[PDB]
Amino acid sequence: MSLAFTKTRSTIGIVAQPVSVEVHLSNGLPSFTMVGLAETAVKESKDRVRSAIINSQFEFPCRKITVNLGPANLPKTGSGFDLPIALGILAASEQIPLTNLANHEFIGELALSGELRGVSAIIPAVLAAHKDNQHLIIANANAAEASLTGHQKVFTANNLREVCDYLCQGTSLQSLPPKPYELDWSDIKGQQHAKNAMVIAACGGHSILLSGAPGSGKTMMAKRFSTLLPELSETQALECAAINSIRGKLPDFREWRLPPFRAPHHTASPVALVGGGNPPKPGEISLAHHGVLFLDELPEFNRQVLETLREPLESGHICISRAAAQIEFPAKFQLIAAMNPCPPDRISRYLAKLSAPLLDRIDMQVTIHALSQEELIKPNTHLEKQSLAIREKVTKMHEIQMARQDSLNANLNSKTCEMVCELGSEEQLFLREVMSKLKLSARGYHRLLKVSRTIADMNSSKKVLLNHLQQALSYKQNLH
Amino acid sequence: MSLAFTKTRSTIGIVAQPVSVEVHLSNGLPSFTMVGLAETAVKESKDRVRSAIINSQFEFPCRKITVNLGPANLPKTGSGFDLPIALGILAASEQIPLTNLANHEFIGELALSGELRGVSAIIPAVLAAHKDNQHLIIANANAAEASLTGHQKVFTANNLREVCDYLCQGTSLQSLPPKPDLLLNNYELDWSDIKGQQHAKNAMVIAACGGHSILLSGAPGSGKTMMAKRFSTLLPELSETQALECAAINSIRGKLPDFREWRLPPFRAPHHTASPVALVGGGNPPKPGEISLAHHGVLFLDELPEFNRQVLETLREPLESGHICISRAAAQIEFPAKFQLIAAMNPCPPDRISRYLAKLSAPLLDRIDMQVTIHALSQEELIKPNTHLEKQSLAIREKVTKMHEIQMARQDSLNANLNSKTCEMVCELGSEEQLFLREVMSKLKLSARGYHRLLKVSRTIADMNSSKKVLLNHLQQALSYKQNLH
Amino acid sequence: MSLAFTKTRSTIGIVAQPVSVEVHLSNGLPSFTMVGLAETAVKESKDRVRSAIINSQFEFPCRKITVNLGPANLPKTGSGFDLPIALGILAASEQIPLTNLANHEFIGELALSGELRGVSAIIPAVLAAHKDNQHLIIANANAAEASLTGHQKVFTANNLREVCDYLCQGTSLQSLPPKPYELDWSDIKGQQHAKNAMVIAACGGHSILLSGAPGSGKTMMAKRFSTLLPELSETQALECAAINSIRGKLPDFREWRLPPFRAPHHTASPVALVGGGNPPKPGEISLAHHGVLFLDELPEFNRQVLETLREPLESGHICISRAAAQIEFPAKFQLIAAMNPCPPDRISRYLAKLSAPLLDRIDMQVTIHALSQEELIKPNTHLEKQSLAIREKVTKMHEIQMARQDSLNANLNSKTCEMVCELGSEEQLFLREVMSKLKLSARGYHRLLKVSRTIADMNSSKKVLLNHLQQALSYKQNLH
DNA sequence: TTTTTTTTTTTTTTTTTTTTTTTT
DNA sequence: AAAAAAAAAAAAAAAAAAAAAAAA
Ligand SMILES: Nc1ncnc2c1ncn2[C@@H]1O[C@H](COP(=O)(O)OP(=O)(O)NP(=O)(O)O)[C@@H](O)[C@H]1O
Ligand SMILES: Nc1ncnc2c1ncn2[C@@H]1O[C@H](COP(=O)(O)OP(=O)(O)NP(=O)(O)O)[C@@H](O)[C@H]1O
Ligand SMILES: Nc1ncnc2c1ncn2[C@@H]1O[C@H](COP(=O)(O)OP(=O)(O)NP(=O)(O)O)[C@@H](O)[C@H]1O
C-alpha cells in the first residue's frame with residue numbers, strides 16, 4: 001500500500017501534545033497537500049523535505065502527496081515536522097519497511113543536504129516519549145539537551161540517511177553522551193538562632209519570613225539556603241529542565257539537580273513574575289518549581305501581585321487563563337520573604353502596606369540582628385563544610401514526613417495536623433495557658449502546631465513535647 | 001440524478017444546532033466545492049475525506065463534488081464534519097443505499113486510513129440527538145465521554161468500514177460502555193471539620209434547605225472559606241437530567257469529567273482578579289465562564305467588597321432569571337447560570353469605612369437571603385480536640401433531601417424562588433403571627449423587600465420543624481439571620 | 001550534487017543571528033522557491049539575483065531553484081541576502097568551486113547590474129563575524145562605515161565579478177581603508193589627594209564619590225578620569241561600536257579603542273537613561289559600556305531608576321521587557337557620582353532622601369576643595385603628560401588582580417576579600433580597634449577591606465599590611 | 001501649617017476579525 | 001483564480017499623563 005503513519009510531538013506552552021503525521025501517496029499528479037492547521041510548516045516543510053529526500057539518494061514520489069498532521073483542530077507550530085514527514089513519505093513509498101515505525105518517535109528539521117539541524121524545546125518531547133515507552137530519534141544538535149535525561153532507548157542522528165539505515169538496518173545510531181554547590185552554609189558567620197531556624201524550616205518545608213535591619217545578611221541567608229534543600233530527584237530535575245528550555249538555552253550539567261532559586265526584584269512586572277501570556281511563558285514564580293522563591297523586601301511588592309501567590313502556595317500549580325488557552329505551569333515552590341521591621345504611626349502604615357492574606361500562611365518568622373564586631377572581624381578559621389550533613393539530615397526528615405503521609409509538615413491540614421500531633425494533656429494545659437496569655441488566631445495555632453511537629457520530628461520524638469512547643473513559639477508570631 | 005442529505009450537529013455555545021450536509025455530484029471536471037460558511041478547520045476536509053474514502057476500499061467519485069454544509073447563516077467550526085461528508089459522498093455515488101440514512105446523525109473525524117478520531121464537546125450533540133429521537137454514530141474515542149448519557153440509541157465505530165457495513169447490512173456496530181456507577185461516602189471533607197461554629201453552622205443548614213443565598217461576615221482566620229467549601233457536601237446529588245446539563249458545559253469548557261463527581265453539585269470559587277470575560281460568559285467563540293460553570297451548584301464569592309462592580313451588577317440577571325445573555329453584537333448565547341450564591345466579606349478592613357462600604361452593590365446585598373456573623377472561634381473550642389467526630393454530612397444530607405422533596409409539594413421552586421403568592425399565602429401567617437410581625441416591623445427600619453425574605457426563611461425553618469404554618473417562633477429564629485452590616 | 005551552502009548574517013536589534021543559505025537545483029521546470037520565513041524584501045531578491053548573475057557574464061541555471069534560508073523558525077528581514085544567494089547559485093551550478101565558500105561570510109544586496117550596494121546596520125554583523133573569525137565580504141558602499149572600527153580581515157567589493165574573482169583566485173578584493181585628543185590627566189589642578197583617590201579607583205575598578213562646592217571641580221577631573229583606564233581590546237571596541245550603531249550614529253570621529261564616557265544630565269529620563277522603549281534602543285547606561293558613567297549631582301534623578309542600576313552595576317547587563325520581548329544590553333561600567341555638600345533638618349532631608357541601597361555600593365568618597373588661583377602657574381605641573389604611566393600601572397594592576405582571582409578588587413565578595421587579603425594577627429588586630437571606634441556595617445567593612453587590598457596591591461605587597469589599611473581608612477563614607 | 005500618595009483618563013499596544021492583496 | 005498582505009475596527013489590557021484625593 002501507499003499509506004504510512006508516523007509520530008511526533010508539538011509543543012504548546014509546556015505540554016508536548018502527541019501528533020500523528022499521516023502520509024498518503026495517491027495516483028494523480030504531483031501535489032503536496034498538507035492538511036492540518038500548520039502555520040509555517042505548510043509551504044516551507046514541503047521543499048525542505050523534498051530536497052533532503054532527493055539529496056540522500058532516495059526516490060521522491062512523483063505522485064499526489066497528501067500529508068495530514070495529527071488532530072485537525074490543533075494548530076501546529078514548530079519546524080520539527082520535516083523528519084517525521086520525510087520518514088512518512090519514505091515508508092509510504094516502500095523505501096523503508098514500515099513495520100519498524102511503530103515504537104519510534106521522530107523530531108528534527110532537515111536542511112537541503114539531508115542534514116538534521118536542532119529544534120528548540122526538546123526535553124518535553126523526551127519526557128513524553130519515555131513516558132509512552134517510545135524510541136525518540138532526534139537531531140545531533142540536540143544531543144546536549146537530550147543527554148541530561150540519560151534516558152535509554154533515545155538516539156540522535158546526523159542526517160536522514162543515518163536514521164534510514166538505523167530503521168532498514170539495525171546499526172546503533174548514535175546513543176547519547178554519558179552525562180557531560182559552591183556557597184555552603186558555613187559562610188554565614190555567627191548568626192546562630194536564625195541559621196537554626198532556617199535549618200528546621202528546610203527540614204519541614206515551611207515558609208520563613210526574614211525580618212531584620214538593612215545589611216543584616218538576610219539576602220546572604222536566602223542565597224545560601226538552597227544548599228540545605230535536598231538534591232532534586234530525577235523526575236523533578238527533568239521537570240525543572242523542561243520548564244527551563246521552554247524559555248531557551250541550557251547552561252546545565254553543573255546545577256541540573258540543584259533546586260532552583262529565584263529572587264525577583266520587587267519592581268519586576270506582574271506578567272513576568274506571574275506566569276505569562278501570548279505564547280505561554282513561565283513566570284519567575286514557575287522557574288522556582290521544586291526550588292526556593294525569595295521575595296526580597298516584601299512590603300514594596302504591590303499587593304495585587306502577591307494576591308496571586310495564594311493559588312500556587314495552596315495548589316502546587318498556577319493556571320493563568322486567557323481567551324485563547326490556559327496552561328498549568330506548576331509552581332510548587334518554597335517561599336522566603338524579607339522585610340525591614342519598620343523604622344510612630346509610620347510603623348502602622350508600613351505594616352498596613354503588607355498583604356495580610358499572604359503573610360498569614362507564612363509558617364515562620366525570625367528576627368536577624370547585625371553581627372557582633374568580634375565575630376565580624378574574627379577570621380573564618382571554622383572552614384569545615386557543614387551543608388552536606390544538614391542536607392542528609394533534611395533528606396532523612398523529609399523521608400520520615402513522607403512516611404507519615406504524602407504531605408510534608410508544612411502542608412498538613414487542621415484535621416490531619418491534630419491527628420498527627422499526639423498533644424497529650426501535659427502539653428494541652430500549657431497550650432491553653434499560652435493561648436490565654438497571647439491570643440493566637442485559628443490559623444496561627446495550627447501553624448504553631450505544624451512547626452512544633454517539625455521540631456519534634458527533628459529530635460526523633462514520636463510525639464510532640466512541651467519543650468518542642470516552647471521552641472516553636474520562638475519562631476512563631478508575626479511582626480511586633 | 002444523485003444527491004444525498006446527511007445530518008449532523010454543530011455546537012454554537014451550549015446548544016448543538018442541527019446541520020444538514022448535502023452532497024451533490026455533477027458531470028463536470030473533477031473539482032471539489034464547499035459552501036455554507038465553512039471554516040478553515042472544516043474547509044480542508046476535502047483531501048482528508050478523499051483519502052479516508054479511497055483507503056477504505058471505496059470508489060471516490062471522479063466527478064464535480066459540491067458539499068453544502070449549511071443553513072447558510074451558520075459558520076461551521078468543529079472538525080466532526082468528515083464522517084457526514086464521507087457518508088454523503090458514498091450515498092450520492094450509489095455505493096450506500098440512501099434509505100439507510102433516514103434518521104441517523106453522524107459525528108466523527110476521519111484519519112487518512114479511514115480510522116475514526118474523537119471530536120471534542122460531544123455531550124451537547126448527544127443530548128440534542130436524544131431529544132430529536134435520532135440515532136447517533138460517533139467515533140470510539142468519544143465512547144467514554146458519551147457513556148454518561150446512558151442513551152441506548154448511540155453507537156460507536158472504529159473506522160469508516162464499520163459504519164458502512166452497519167448502514168448497508170447492520171452488523172450491530174459497537175454499543176456504548178456502561179454508565180460509570182460509583183460512590184461518594186467519603187468526600188474527604190465532612191461537615192464535622194467545622195469546630196464549634198454552632199450558630200453559623202445552623203444557618204447554612206437552612207440555606208441548603210431553602211436555596212437561600214447566604215452572606216458570611218466575620219473577621220479573618222475564622223472558617224468562612226472552610227464552611228463555604230464544606231457547604232457543597234450538604235446539597236443533594238444532582239438528578240441525572242441536571243447532571244447532563246452540567247456535563248455539557250463541562251465538556252464544552254473543559255474536558256473529560258471525572259466520572260465520580262459528575263452527579264455532585266458544582267462548587268466554583270472565582271478569584272476576584274479574574275477578568276469579567278472569564279467570570280461572566282466569554283468572548284471569541286463563546287465559552288462558559290465561571291458563573292455558568294457553577295450551574296446547578298454553588299458560586300462562592302470570597303471577598304465580596306472586591307471584584308469589579310461591572311461584574312456584581314450583572315449577577316442580578318442570573319439570580320432572577322437563571323441565564324446570562326452574553327452579547328457579541330452578532331448573536332447572544334444563553335449559558336444557564338442557575339446557581340446558589342455564597343458571599344464572604346470583612347465588616348471592617350472612623351468615617352473612612354464609607355469608602356470601603358458602598359464598593360459593593362446595595363441591590364446585590366438586598367438579593368442575598370441571609371447574613372450570619374462568623375464570630376472568631378474561642379480558645380476553649382480551639383484547643384479542645386475533636387472529641388466528638390461522628391459523621392454528620394450524611395445525616396444532614398438526608399435531611400435536606402427530605403426537606404427539598406417536601407418543599408416541591410406546594411411549589412417545585414425552592415422557598416427562595418417564591419413570589420408574592422408565597423410571602424403572603426404559602427407562608428400561612430396566622431393572627432398572633434400577624435401582630436408579632438406588625439410590632440417587629442414597626443420597630444425595625446426595614447425596606448419593603450425587607451418584609452420579604454423573612455417569609456421565605458421562616459417558611460424554610462417551619463418546614464424543617466414540620467409545621468403546617470409558621471408558629472411565631474420560626475419567625476423569631478428567622479429575624480436573627482436578617483439585618484446587614486455591622 | 002547541485003547543492004551549495006553559503007553563510008550570512010541576519011541583524012535584529014544588537015545581535016546578528018547566523019544564517020546558512022542553502023541552494024539546491026533540481027531537474028524540474030524553471031522556478032524559484034524560497035524558504036525560511038523570508039519577508040517581502042528578502043523574498044523579492046529572486047529577480048535581483050537573476051539579473052545580477054545574468055549581467056555579470058555568468059550562467060543562470062534553467063533548472064528549478066530552491067533556496068532555504070538558515071533556521072526555519074527565524075524570520076529574515078535584511079536586504080543583504082542577495083549576495084549570499086547569488087554565490088550559492090553559482091556554486092551549486094559549478095560556476096564557482098565551493099571550497100572557497102567555507103569560512104567566508106557574505107553580506108550586501110545586489111543591484112540589477114551586478115554592482116553591490118550597502119545595507120544598513122552592518123556593525124553588528126562585523127562584530128559577529130569577528131567573534132567567529134570568518135572573512136566577511138561586504139559591499140564597497142559599506143566600507144566607509146565599517147572601516148571606522150579599524151577591523152581587518154574584512155574585504156569590500158564593487159560588483160559580483162570582483163567577489164567571484166577573489167574567491168576563485170584571491171585577486172585582492174581591496175580592503176577596508178584606514179580608520180581616517182590629549183585630555184592630559186596632569187591638567188587637573190593641584191588636588192593631589194583626589195588625584196590619588198582617582199588613581200586607586202581606576203586601579204581597583206571601584207566606584208568613587210566626589211564632594212565639593214557646585215561647579216568647583218569634579219567634572220573637570222571626571223572627564224580626564226577616563227584617560228587612565230586601559231585601552232579597549234578589539235572585541236570591546238567593536239561591542240561599543242555595535243551598541244552605538246543600534247543607537248543609530250557612529251560616523252562622527254570617535255576613536256573607538258578608548259573607553260567611553262557618558263555624563264547624563266540630572267533631569268534624566270526613566271527610559272533614555274536605562275533603556276529605550278517602543279523600538280528597543282540602548283540607554284545612556286549601556287552607551288557607557290566598558291567606560292565610565294558620570295552621574296553628577298547624585299541627589300537628583302529619582303529613587304526608582306537608581307534602583308534599576310543595582311542590577312547592571314554588579315551583573316553587568318540590563319534586561320528590559322514589556323511582556324512582548326526580552327532585550328538585553330551590556331551595562332558593564334565604572335560608576336562615578338558627584339554631589340555638593342548639601343545646600344539642621346532642612347539640610348538633613350537632602351541627604352536623607354538619597355538612594356541608600358545604591359550609595360552603599362559606592363566604595364569611595366573624597367572631597368574636592370575649591371581652587372582660586374594656585375593652578376594659574378601652569379608650567380611644571382602640566383608639563384609631564386602623566387596619563388601614560390598611570391595607564392601602564394593600571395594595566396599591570398588589572399593583570400595581577402585577575403591573576404589572583406578572576407575578578408577585580410572592586411567585585412570581590414565577602415569570601416575572597418578574606419582569603420585574598422590574607423590578613424594575619426596584627427593585621428586583623430588593627431581593624432578591631434578601628435571598628436570599635438566606628439562600628440560600620442558589614443558592607444562598609446568589606447568596602448574598607450577591598451580599598452585596602454587595592455592600595456596594598458599597588459605597593460607590590462603580598463598581604464594587606466597595616467599601612468595600606470590605614471590609608472584605606474582615609475576615604476570611607478562621610479555623609480553628613 | 002508643609003508634602004505625598006492614589007486613582008482616573010487619555011493614549012497606546014497587541015490580538016483577533018476583517019480585509020485586501022496577494023498565492024496559484 | 002484564489003488569500004494573505006494589510007489599513008481598519010473592536011476586545012482587552014497596559015503606560016503615561018493628568019485629576020484629585022489625600023497627607024507633611
Ligand atoms: N554572617 C554575616 N551576616 C551578615 N552579613 C554578612 C555576613 N557575612 C558576610 N556578610 C556581608 O554582609 C553584607 C550585607 O549585605 P546583604 O547580605 O545583602 O544584606 P542585605 O540586607 O541583603 N542588603 P540590604 O537589603 O540593602 O539591607 C554582604 O556584603 C555580605 O558579604
Ligand atoms: N473550626 C475552625 N474555625 C475556623 N478556622 C478554622 C477551624 N479549623 C481550622 N481552621 C483554620 O481555617 C483554615 C481554613 O479556613 P480559613 O482560616 O477561613 O481560611 P481563609 O481562606 O483565610 N478564610 P478566612 O479565615 O476568612 O480568611 C484552616 O487551614 C485552619 O487553619
Ligand atoms: N409597594 C410594593 N408593594 C408590593 N410589593 C412591592 C412593593 N415594592 C416592592 N415590592 C416587591 O419587591 C419585589 C422585588 O422587586 P423590586 O425590589 O422593586 O425590584 P427592584 O426595583 O429592581 N430592586 P431595587 O433596584 O432595589 O428597587 C417584588 O417582587 C414585589 O413583591
# chains A, B, ... in the order shown; residues from 1 in each chain; ligands from 1
call {"tool": "residues_near_ligand", "arguments": {"ligand": "ligand 1", "cutoff": "7 Å", "atoms": "only C-alpha atoms (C1' of nucleotides) and all ligand atoms", "output": "PDB file with N, CA and C atoms, in the first residue's frame"}}
result
ATOM      1  N   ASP A 187      29.492  30.088  55.305  1.00  0.00           N
ATOM      2  CA  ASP A 187      29.858  31.490  55.116  1.00  0.00           C
ATOM      3  C   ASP A 187      29.063  32.426  56.012  1.00  0.00           C
ATOM      4  N   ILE A 188      27.948  31.967  56.572  1.00  0.00           N
ATOM      5  CA  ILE A 188      27.128  32.801  57.441  1.00  0.00           C
ATOM      6  C   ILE A 188      27.761  32.817  58.825  1.00  0.00           C
ATOM      7  N   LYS A 189      28.554  33.850  59.097  1.00  0.00           N
ATOM      8  CA  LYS A 189      29.332  33.929  60.326  1.00  0.00           C
ATOM      9  C   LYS A 189      28.456  34.383  61.488  1.00  0.00           C
ATOM     10  N   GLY A 190      28.369  33.550  62.521  1.00  0.00           N
ATOM     11  CA  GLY A 190      27.849  33.968  63.809  1.00  0.00           C
ATOM     12  C   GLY A 190      26.441  34.527  63.828  1.00  0.00           C
ATOM     13  N   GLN A 191      25.493  33.847  63.181  1.00  0.00           N
ATOM     14  CA  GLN A 191      24.087  34.205  63.302  1.00  0.00           C
ATOM     15  C   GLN A 191      23.300  33.250  64.186  1.00  0.00           C
ATOM     16  N   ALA A 213      17.219  44.438  60.264  1.00  0.00           N
ATOM     17  CA  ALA A 213      17.696  45.732  59.819  1.00  0.00           C
ATOM     18  C   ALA A 213      18.475  45.591  58.513  1.00  0.00           C
ATOM     19  N   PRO A 214      18.598  46.675  57.747  1.00  0.00           N
ATOM     20  CA  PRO A 214      19.346  46.596  56.488  1.00  0.00           C
ATOM     21  C   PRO A 214      20.792  46.193  56.725  1.00  0.00           C
ATOM     22  N   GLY A 215      21.343  45.452  55.766  1.00  0.00           N
ATOM     23  CA  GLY A 215      22.712  44.996  55.880  1.00  0.00           C
ATOM     24  C   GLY A 215      22.939  43.970  56.964  1.00  0.00           C
ATOM     25  N   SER A 216      21.879  43.323  57.442  1.00  0.00           N
ATOM     26  CA  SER A 216      21.998  42.301  58.472  1.00  0.00           C
ATOM     27  C   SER A 216      22.330  40.926  57.911  1.00  0.00           C
ATOM     28  N   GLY A 217      22.273  40.749  56.594  1.00  0.00           N
ATOM     29  CA  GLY A 217      22.609  39.487  55.972  1.00  0.00           C
ATOM     30  C   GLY A 217      21.435  38.653  55.510  1.00  0.00           C
ATOM     31  N   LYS A 218      20.234  39.227  55.436  1.00  0.00           N
ATOM     32  CA  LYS A 218      19.069  38.456  55.014  1.00  0.00           C
ATOM     33  C   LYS A 218      19.301  37.824  53.646  1.00  0.00           C
ATOM     34  N   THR A 219      19.770  38.621  52.685  1.00  0.00           N
ATOM     35  CA  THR A 219      19.954  38.113  51.331  1.00  0.00           C
ATOM     36  C   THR A 219      20.985  36.994  51.302  1.00  0.00           C
ATOM     37  N   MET A 220      22.034  37.103  52.118  1.00  0.00           N
ATOM     38  CA  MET A 220      23.036  36.044  52.168  1.00  0.00           C
ATOM     39  C   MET A 220      22.426  34.741  52.671  1.00  0.00           C
ATOM     40  N   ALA A 370      22.255  42.717  63.422  1.00  0.00           N
ATOM     41  CA  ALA A 370      23.577  42.896  62.848  1.00  0.00           C
ATOM     42  C   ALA A 370      24.591  42.043  63.604  1.00  0.00           C
ATOM     43  N   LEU A 371      25.697  41.735  62.934  1.00  0.00           N
ATOM     44  CA  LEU A 371      26.698  40.869  63.533  1.00  0.00           C
ATOM     45  C   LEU A 371      27.372  41.551  64.718  1.00  0.00           C
TER      46      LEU A 371
ATOM     47  N   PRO C 357      20.405  52.262  49.146  1.00  0.00           N
ATOM     48  CA  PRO C 357      20.894  50.976  48.620  1.00  0.00           C
ATOM     49  C   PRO C 357      21.947  51.125  47.538  1.00  0.00           C
ATOM     50  N   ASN C 413      33.822  39.276  46.702  1.00  0.00           N
ATOM     51  CA  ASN C 413      32.776  39.012  47.677  1.00  0.00           C
ATOM     52  C   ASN C 413      33.387  38.893  49.067  1.00  0.00           C
ATOM     53  N   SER C 414      32.512  38.746  50.065  1.00  0.00           N
ATOM     54  CA  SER C 414      32.982  38.628  51.440  1.00  0.00           C
ATOM     55  C   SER C 414      33.899  37.429  51.626  1.00  0.00           C
ATOM     56  N   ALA C 442      28.562  45.778  57.826  1.00  0.00           N
ATOM     57  CA  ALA C 442      29.374  44.746  57.189  1.00  0.00           C
ATOM     58  C   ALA C 442      29.775  45.159  55.779  1.00  0.00           C
ATOM     59  N   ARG C 443      28.843  45.743  55.024  1.00  0.00           N
ATOM     60  CA  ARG C 443      29.171  46.196  53.677  1.00  0.00           C
ATOM     61  C   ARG C 443      30.241  47.278  53.707  1.00  0.00           C
ATOM     62  N   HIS C 446      33.603  45.591  54.441  1.00  0.00           N
ATOM     63  CA  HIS C 446      34.179  44.900  53.293  1.00  0.00           C
ATOM     64  C   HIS C 446      34.606  45.877  52.205  1.00  0.00           C
TER      65      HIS C 446
END
call {"tool": "residues_near_ligand", "arguments": {"ligand": "ligand 2", "cutoff": "7 Å", "atoms": "only C-alpha atoms (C1' of nucleotides) and all ligand atoms", "output": "list in words"}}
result
residues 357, 413, 414, 442, 443 and 446 of chain A; 193, 194, 195, 196, 197, 219, 220, 221, 222, 223, 224, 225, 226, 377 and 382 of chain B
call {"tool": "write_last_selection", "arguments": {"atoms": "C-alpha atoms", "output": "PDB file, in the first residue's frame"}}
result
ATOM      1  CA  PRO A 357      -3.674  37.153  53.066  1.00  0.00           C
ATOM      2  CA  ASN A 413      -4.479  20.392  57.221  1.00  0.00           C
ATOM      3  CA  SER A 414      -6.230  21.048  60.522  1.00  0.00           C
ATOM      4  CA  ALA A 442      -7.334  29.979  64.311  1.00  0.00           C
ATOM      5  CA  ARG A 443      -4.579  29.580  61.710  1.00  0.00           C
ATOM      6  CA  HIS A 446      -2.214  25.419  63.532  1.00  0.00           C
TER       7      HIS A 446
ATOM      8  CA  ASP B 193     -14.378  19.693  60.356  1.00  0.00           C
ATOM      9  CA  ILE B 194     -16.175  22.915  61.349  1.00  0.00           C
ATOM     10  CA  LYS B 195     -15.295  23.102  65.052  1.00  0.00           C
ATOM     11  CA  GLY B 196     -17.697  24.856  67.391  1.00  0.00           C
ATOM     12  CA  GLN B 197     -19.133  27.463  64.995  1.00  0.00           C
ATOM     13  CA  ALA B 219     -13.032  38.603  60.959  1.00  0.00           C
ATOM     14  CA  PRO B 220     -10.319  36.704  59.051  1.00  0.00           C
ATOM     15  CA  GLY B 221      -8.966  33.430  60.376  1.00  0.00           C
ATOM     16  CA  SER B 222     -12.430  32.122  61.179  1.00  0.00           C
ATOM     17  CA  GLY B 223     -13.693  29.357  58.933  1.00  0.00           C
ATOM     18  CA  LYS B 224     -15.728  31.363  56.438  1.00  0.00           C
ATOM     19  CA  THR B 225     -13.937  29.840  53.450  1.00  0.00           C
ATOM     20  CA  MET B 226     -13.842  26.385  55.023  1.00  0.00           C
ATOM     21  CA  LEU B 377     -13.508  30.783  67.367  1.00  0.00           C
ATOM     22  CA  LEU B 382      -9.967  25.806  69.598  1.00  0.00           C
TER      23      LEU B 382
END
call {"tool": "interface_residues", "arguments": {"of": "chain B", "to": "chain D", "cutoff": "12 Å", "atoms": "only C-alpha atoms (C1' of nucleotides)", "output": "ChimeraX atom specification"}}
result
/B:283-285
call {"tool": "atom_distance", "arguments": {"atom1": "CA of residue 132 (chain A)", "atom2": "CA of residue 15 (chain A)"}}
result
14.1 Å
call {"tool": "residues_near_ligand", "arguments": {"ligand": "ligand 3", "cutoff": "10 Å", "atoms": "only C-alpha atoms (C1' of nucleotides) and all ligand atoms", "output": "short mmCIF file (atom, residue, chain, number, x, y, z; two decimals) with N, CA, C and O atoms, in the first residue's frame"}}
result
data_model
loop_
_atom_site.label_atom_id
_atom_site.label_comp_id
_atom_site.auth_asym_id
_atom_site.auth_seq_id
_atom_site.Cartn_x
_atom_site.Cartn_y
_atom_site.Cartn_z
N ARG B 316 -27.37 40.15 38.86
CA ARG B 316 -28.80 40.25 39.12
C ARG B 316 -29.60 39.41 38.14
O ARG B 316 -30.53 38.69 38.53
N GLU B 320 -32.14 36.35 39.17
CA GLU B 320 -33.58 36.41 38.93
C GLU B 320 -34.00 35.43 37.84
O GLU B 320 -34.90 34.61 38.05
N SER B 361 -22.57 46.48 45.68
CA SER B 361 -23.83 47.00 45.15
C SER B 361 -24.93 46.68 46.15
O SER B 361 -25.19 45.51 46.44
N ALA B 362 -25.57 47.72 46.68
CA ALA B 362 -26.64 47.53 47.65
C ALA B 362 -27.73 46.58 47.16
O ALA B 362 -28.17 45.73 47.95
N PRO B 363 -28.22 46.67 45.92
CA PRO B 363 -29.24 45.70 45.48
C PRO B 363 -28.77 44.26 45.54
O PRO B 363 -29.58 43.37 45.79
N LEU B 364 -27.48 44.00 45.30
CA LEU B 364 -26.99 42.63 45.41
C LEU B 364 -27.11 42.11 46.84
O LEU B 364 -27.63 41.01 47.07
N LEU B 365 -26.65 42.90 47.81
CA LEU B 365 -26.82 42.52 49.21
C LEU B 365 -28.29 42.44 49.58
O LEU B 365 -28.65 41.71 50.52
N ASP B 366 -29.16 43.17 48.88
CA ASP B 366 -30.59 43.06 49.10
C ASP B 366 -31.15 41.77 48.50
O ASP B 366 -32.19 41.28 48.95
N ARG B 367 -30.47 41.22 47.49
CA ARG B 367 -30.87 39.95 46.90
C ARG B 367 -30.35 38.74 47.67
O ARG B 367 -30.81 37.63 47.43
N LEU B 418 -39.66 31.98 45.34
CA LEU B 418 -41.09 32.03 45.61
C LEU B 418 -41.51 33.49 45.72
O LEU B 418 -40.83 34.29 46.36
N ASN B 419 -42.64 33.83 45.09
CA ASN B 419 -43.04 35.21 44.86
C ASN B 419 -44.12 35.65 45.86
O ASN B 419 -44.40 34.98 46.85
N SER B 420 -44.72 36.82 45.59
CA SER B 420 -45.69 37.43 46.48
C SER B 420 -46.97 36.62 46.63
O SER B 420 -47.85 37.04 47.39
N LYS B 421 -47.10 35.49 45.94
CA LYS B 421 -48.10 34.50 46.29
C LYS B 421 -47.58 33.53 47.34
O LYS B 421 -48.25 32.54 47.65
N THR B 422 -46.41 33.80 47.88
CA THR B 422 -45.75 32.96 48.87
C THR B 422 -45.34 33.73 50.11
O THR B 422 -45.48 33.21 51.22
N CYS B 423 -44.85 34.96 49.96
CA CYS B 423 -44.66 35.81 51.12
C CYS B 423 -45.98 36.05 51.82
O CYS B 423 -46.02 36.23 53.04
N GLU B 424 -47.07 36.07 51.06
CA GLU B 424 -48.43 36.02 51.59
C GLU B 424 -49.13 34.83 50.94
O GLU B 424 -49.15 34.72 49.71
N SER B 447 -36.74 47.85 54.64
CA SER B 447 -37.36 48.18 53.37
C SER B 447 -38.52 47.22 53.09
O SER B 447 -38.73 46.23 53.79
N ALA B 448 -39.28 47.53 52.04
CA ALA B 448 -40.39 46.66 51.66
C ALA B 448 -39.89 45.26 51.31
O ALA B 448 -40.47 44.26 51.74
N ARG B 449 -38.81 45.17 50.53
CA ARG B 449 -38.16 43.88 50.34
C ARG B 449 -37.63 43.34 51.65
O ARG B 449 -37.36 42.14 51.75
N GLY B 450 -37.46 44.20 52.66
CA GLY B 450 -37.13 43.72 53.98
C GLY B 450 -38.20 42.80 54.54
O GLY B 450 -37.89 41.77 55.15
N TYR B 451 -39.48 43.15 54.36
CA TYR B 451 -40.55 42.27 54.79
C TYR B 451 -40.43 40.91 54.11
O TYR B 451 -40.53 39.86 54.76
N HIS B 452 -40.24 40.91 52.80
CA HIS B 452 -39.93 39.67 52.11
C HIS B 452 -38.53 39.21 52.48
O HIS B 452 -37.72 39.97 53.04
N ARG B 453 -38.24 37.95 52.18
CA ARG B 453 -37.00 37.25 52.52
C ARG B 453 -36.91 36.92 54.01
O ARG B 453 -35.90 36.35 54.44
#
call {"tool": "closest_atom_pairs", "arguments": {"of": "chain E", "to": "chain B", "cutoff": "12 Å", "atoms": "only C-alpha atoms (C1' of nucleotides)", "output": "tab-separated table"}}
result
residue	atom	partner	partner_atom	distance
E:3	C1'	B:40	CA	11.9
E:10	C1'	B:328	CA	10.7
E:11	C1'	B:283	CA	8.3
E:12	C1'	B:277	CA	9.5
E:13	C1'	B:275	CA	10.5
call {"tool": "closest_atom_pairs", "arguments": {"of": "chain A", "to": "chain D", "cutoff": "12 Å", "atoms": "only C-alpha atoms (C1' of nucleotides)", "output": "CSV"}}
result
residue,atom,partner,partner_atom,distance
A:43,CA,D:23,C1',10.9
A:277,CA,D:14,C1',11.2
A:278,CA,D:15,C1',8.9
A:279,CA,D:15,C1',11.8
A:322,CA,D:15,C1',11.4
A:323,CA,D:15,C1',10.2
A:324,CA,D:15,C1',10.0
call {"tool": "interface_residues", "arguments": {"of": "chain B", "to": "chain A", "cutoff": "10 Å", "atoms": "only C-alpha atoms", "output": "MDAnalysis selection string"}}
result
chainID B and resid 40:48 50:52 54:55 77:80 109:113 117:120 189 192:193 220:223 271:275 277:278 282:287 376:380 382:386
